[PDB]
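# Fold and contact review
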Amino acid sequence: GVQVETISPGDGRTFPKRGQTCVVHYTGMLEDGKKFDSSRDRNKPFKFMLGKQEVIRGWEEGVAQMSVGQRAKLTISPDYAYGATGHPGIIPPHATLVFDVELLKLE
Amino acid sequence: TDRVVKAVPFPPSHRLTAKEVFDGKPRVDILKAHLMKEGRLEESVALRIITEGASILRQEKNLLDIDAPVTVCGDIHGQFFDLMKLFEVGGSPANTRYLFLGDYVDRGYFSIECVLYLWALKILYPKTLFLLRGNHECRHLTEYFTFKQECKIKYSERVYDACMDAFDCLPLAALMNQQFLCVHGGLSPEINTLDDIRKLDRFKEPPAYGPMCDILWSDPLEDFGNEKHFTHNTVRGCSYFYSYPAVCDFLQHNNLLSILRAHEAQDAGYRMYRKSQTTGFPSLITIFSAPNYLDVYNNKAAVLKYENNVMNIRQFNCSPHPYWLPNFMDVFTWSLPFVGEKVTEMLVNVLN
Amino acid sequence: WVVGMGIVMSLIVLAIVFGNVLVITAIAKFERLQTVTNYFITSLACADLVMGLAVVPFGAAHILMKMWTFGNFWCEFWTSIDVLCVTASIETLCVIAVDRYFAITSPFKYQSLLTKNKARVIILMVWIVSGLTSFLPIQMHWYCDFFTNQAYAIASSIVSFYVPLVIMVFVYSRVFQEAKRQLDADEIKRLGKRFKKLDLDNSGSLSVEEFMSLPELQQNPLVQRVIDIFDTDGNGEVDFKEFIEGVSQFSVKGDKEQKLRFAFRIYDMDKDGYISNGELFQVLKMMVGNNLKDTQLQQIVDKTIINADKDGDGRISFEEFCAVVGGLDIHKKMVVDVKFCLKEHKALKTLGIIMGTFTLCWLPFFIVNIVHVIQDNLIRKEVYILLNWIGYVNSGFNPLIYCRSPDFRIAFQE
Ligand SMILES: C=CC[C@@H]1/C=C(\C)C[C@H](C)C[C@H](OC)[C@H]2O[C@@](O)(C(=O)C(=O)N3CCCC[C@H]3C(=O)O[C@H](/C(C)=C/[C@@H]3CC[C@@H](O)[C@H](OC)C3)[C@H](C)[C@@H](O)CC1=O)[C@H](C)C[C@@H]2OC
């Protein structure tokens, strides 16, 4: 499913709310280390509304555990990931993912 | 509907076809001013240039011999807009002699343009520029990463096949000034004498073992200043390490000075090692010449110059370049499987 | 009198040639009109040029010149070409109605059983056998004014006008008794109940401000675009007459063409048929928000369009769209559990006024002559030219009714 293996934690007083928007910087990967996307390729972060289904369910179940200013190393199994259908052009069917999401600020 | 934002240049659409790219020197200034604007060439012209460059390279020996004034460089990894900066900070190819070391293609969005420009300039100048083969000029490696997709999207696959038949014949030793030795990676314990690397053939895909796959894949030790030839590697998992006694023995058995490299990317762009007590010169220098590798490290680069028995090192800067989607998508395949989900969700929400 | 009545006839040739032609031009010009029921409409227009030129005006010479100098060398010939105009037009009108009937009663059977390459063979089969009957006494002379004794008039009445005006008015009475059932069968009342439940205005007018009142839809990035694709009547609000069609555009029995066309219409902004740089920038900017920069979006759009042009004008059309997108399997991702395909009934009130005008006008002559054949004869001996001219006008309006249809209308303005 979804796993969390913290790399370098920090403060944990503040947690994301039910319907607020987070800002993250992430560096996608695959199982063997090849990279296919980044939020540092372009110089602008990612934003998404927690609780609604516009991000894959792995993020929506995992990112809520971390707090302000922590890095991690997620692991999205094929269930919560793009699944057997996958995506055309990048992710083959039945493909594990390994992100590097590091929450930055909370709005 | 003409244009929404007008502060960006427009890519020219007409592919040049032997119009002014050939005169038998091929034109260079037009190649500059046309490839800097993301234009394209006709397929026949590309095949012509690549096959002529391969024909020139075919007859080259397996160990180059060069005179004194040279300007060694590092690997590039297909960054065109930094290759231009390198050519501007160094000399013009008419006035100064070069020697490239590293790979030319993989892990970038402008491999084909860089290889076209370099091979054309080698066709024009056949004696004042030399190239060396790296680890990223094989079949499996360029099939794995983003090079096959480049040739299949921007050009035809015939270009890619000809490009492989072109990479097949490069040299791999690059002796220089009868004093140094500039190989891409590192030496191997199974190779002992300079004459030993004058017999092997390099006209095929490298195997998984032997001197051919140990020259291009080896690495130096990362714990210098330790205790006591062929310790295995971990990060690459394909070749061998080597220790300071091995380097000293190789430099004493045959009269040389040092060895140069182009793998280990560094935050400073260059880093020497401990000086050899026999002569006082350093024994290993690592050169990296691609700023902002993978757009993450945020490091400088460097280019080494050599003249008048003075070894000085010059630094380098960054430069911007345009944007492409990962794996060369197009907006229709980029945003159809979002329109589908949104439309279906809205309809199911409204009809119930 | 003389000059003025000549003016009416001269305008007539001009109008028939004009209207019979314009349809020919639109069908040949666009490739979206190459349906299975747009080649038979072209046969009707063409048997409307032939009687649009050789036959209408020669009769016109006879009005007052009292004799035709074309002479016997072919003056009787005119009589053939005239009787191969009513007898083809009536057989092509009867095919149209029996085939709309087979498609509508069971859509799947017509949908897959026959192909365009067989239709041209059926229309060629219609015109010439009709020509064969007419030519038989046109030279046999079993019989420039035309007379016969009793035989050929009866034979002509028994074959072309009477027998076709029986079959063509019966199968069409089926298409009309077995097409009003699907419009109200236990399922097109559910959406009606939903309509009555949803309209707060209580006026049958669902405006965009009224759909925005739903709770879980007030955040969807693209609602205006879809509601404007539904807005076919082009006034800014949705009514029941088009809501059913919009929903039925998605189904389980639908095919690739309509779903992929609808996916195309999301990007296109003014129904013109061409995607421009501004359109493929605005439609995407709304769906991307503020994660990418602006200049990067512009550059990737430029590259997509440059790799998409195969015609050189700088814009992309539907065929190039299919070339680029085809192979992503979008047809399976758009599905709702609604079960009805109201696509056949899209055009059955314009391929049906024609099966009426062609019967309400040339019916009197055939009726009148068979009476004139009888012993009783009024002082109306000049009426044969008073009322068998009524007809040449009919072929004139056969393309006039078609401008109501949207596909023809875009070419008609163009
Ligand atoms: C412009 C129009 C699209 C619009 C795109 C952007 C805002 C630009 C944004 C940087 C996307 C990137 O574009 C370069 C790129 O990001 C990836 O590289 C990626 O790291 C990824 O997996 N991400 C992005 C970061 C959040 C998690 C996940 C995601 O939530 O993606 C979501 C996603 C694709 C949902 C799918 C939809 C299909 C369902 O079947 C599936 O359900 C299982 C879920 C994103 C948020 C959607 O909202 C897409 C959009 O809104 C994908 C590998 C491919 C994706 O391009 C498509």
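Residues numbered from 1 in each chain as written, not as in the entry; some residues may be left out. Chains lettered and ligands numbered in written order. Heavy atoms only, no water. Residues with missing side-chain atoms left out of burial classes, pairs and counts.

Listed as the method for this PDB entry is cryo-EM; the listed resolution is 3.95 Å.

## Concerning the pattern of salt bridges
All names here are of chain B. Heads up, the condition is: By convention in these notes, a salt bridge is any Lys or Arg side-chain nitrogen within 4 Å of a carboxyl oxygen on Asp or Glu. Think of it this way: any DSSP run of H or I at least four residues long counts as a helix, any run of E at least two long counts as a strand, and we number them from the N terminus.
For the salt bridge of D67 with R97, the shortest nitrogen-to-oxygen distance reads 3.9 Å. With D67 in the loop between α2 (43-58) and β1 (71-72) and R97 in the loop between α3 (80-89) and β2 (98-99), this pair connects stretches of sequence that are 30 residues apart. Two residues, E157 and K148, come together in a salt bridge whose shortest N-O distance is 2.7 Å. Salt bridges linked by common partners bring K148, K152 and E157 together as one network.

## Digging into the interface of chain B and chain A
Worth spelling out the cut-off: Should any heavy atoms of two residues lie within 4.5 Å, those residues are counted as being in contact. Nonpolar residues are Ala, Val, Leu, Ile, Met, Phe, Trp, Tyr, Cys and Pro. Charged residues are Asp, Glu, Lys and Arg, and all others, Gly as well, are polar.
Taken together, the contact pairs ten residues of chain B with eleven residues of chain A. Classifying every residue of the side of chain B that touches chain A gives six nonpolar, two polar and two charged.

## Focus on the packing of helix α7 (residues 151-167) of chain C against helix α19 (residues 363-373) of chain C
Residues and elements named next belong to chain C. Put simply, the rule reads: Interaxial angles span 0 to 180 degrees and are taken between N-to-C directions of axes, which are lines fitted to C-alpha atoms, for helices over the stretch in contact. Should an angle lie under 35 degrees it is considered roughly parallel, over 145 roughly antiparallel, and from 65 to 115 roughly perpendicular; all remaining angles are considered oblique. The hand of a helix crossing depends on one turn: near helix anticlockwise from the far one by less than a right angle means left-handed, and clockwise means right-handed.
Across the interface, α7 lies against α19 with an axial gap of 11 Å and an inter-helix angle of 150°. By the criterion of interaxial angle, the relationship of α7 to α19 is roughly antiparallel. Handedness of the α7/α19 crossing: left-handed. Residues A153, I154, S157, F161, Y162 and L165 of α7 form the contact with α19, whose participating residues are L363, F366, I367, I370 and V373. Partitioning the contact of α7 with α19 into residue classes produces ten nonpolar, one polar and no charged.

## Examining the sheet that holds strand β3 (residues 175-176) of chain B
All names here are of chain B. What counts here: In this analysis, strands are considered paired if DSSP registers two or more bridges between them.
Pairing in this open sheet of five strands is mixed, and the strands run β3-β4-β5-β7-β6 from one edge to the other. Of all strands in the sheet, those with a lone pairing partner are β3 and β6 (270-271), marking the two edges. Bridge count between strand β4 (residues 180-182) and strand β5 (residues 259-261): two bridges; the pairing is parallel. Opposite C182, over in β5, you have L260 as the bridge partner.

## Some points on the side chain of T333 of chain B
Convention followed: Contacts described as polar in this section are N or O atom pairs within 3.5 Å, which, within protein, must combine one atom able to donate a hydrogen with one able to accept it, while residues neighboring in sequence count only if both atoms come from side chains.
Inspection of the secondary structure assignment puts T333 of chain B in helix α10 (residues 331-350). At a separation of 3.0 Å, a polar atom in the side chain of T333 of chain B contacts the side chain of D330 of chain B. For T333 of chain B, the contacting residues outside a window of four places in its chain are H87 and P88 of chain A together with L328 of chain C.

## Topic: the interface of chain B and chain C
Taken residue by residue, the interface counts 32 residues in chain B and 45 residues in chain C. Of the residues that constitute the side of chain B that touches chain C, the class distribution is 20 nonpolar, seven polar and five charged.

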